[PDB]
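Asker: Sequence isn't available, so here's the structure alone:
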């Protein structure tokens, strides 16, 4: 067991642990710094089915503030392949979606979401 009793949060906790199962990898699942109330910040690397049966390196950094879910999580998209604009586009979407996924665990979904709707989001020709 553990020393004492630490219950930072019921949902926030389960949502964090439950995730350690999907990845269950020390390389795929990495948490920079996590606190009880001060907040919880972790950066996990994920890979999608690319566009041609290939795996593209994606950087999804989800942050759980003290207001959350009240407040939206801090997402940061960054790919060594994609450009500075593309990465920005991917995020914009994630954030927009998160809104509707408020008061709910959007850290797990957002992932399985972009992993599939990757080529879709990337295919967004803007006027200008």
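Answerer: All right, it came through fine. Numbers count the residues shown, from 1 in each chain.
Asker: Would you report the backbone torsion angles of the residue nearest to residue 106 when sequence neighbours are not counted?
Answerer: Spatial nearest neighbour of residue 106, chain neighbours left out: residue 98 (4.8 Å); criterion: CB to CB, 6 or more residues apart in numbering. C-beta here means a position set from N, CA and C on the backbone, and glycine is covered the same way. In terms of degrees, to the nearest 10, the main-chain angles of residue 98 are phi -40, psi -50.
Asker: Spit out the contact partners of residue 98.
Answerer: 72, 73, 75, 106, 110 (CB atoms under 8 Å, 6 or more residues apart in numbering).
Asker: In this protein, mark out all the helices, start to finish.
Answerer: Under the criterion DSSP state H, helices of the chain are mapped to 10-23, 84-100, 106-114, 118-122.
Asker: out of the ones you listed, deepest packed?
Answerer: Of the helices of the chain, the one with the most neighbours on average (mean count of other CB atoms under 10 Å) is helix 106-114, at a mean of 18.
Asker: which secondary structure elements does that helix contact?
Answerer: helix 10-23, strand 57-64, helix 84-100 (3 or more CB pairs under 8 Å, 6 or more residues apart in numbering; DSSP states H and E).
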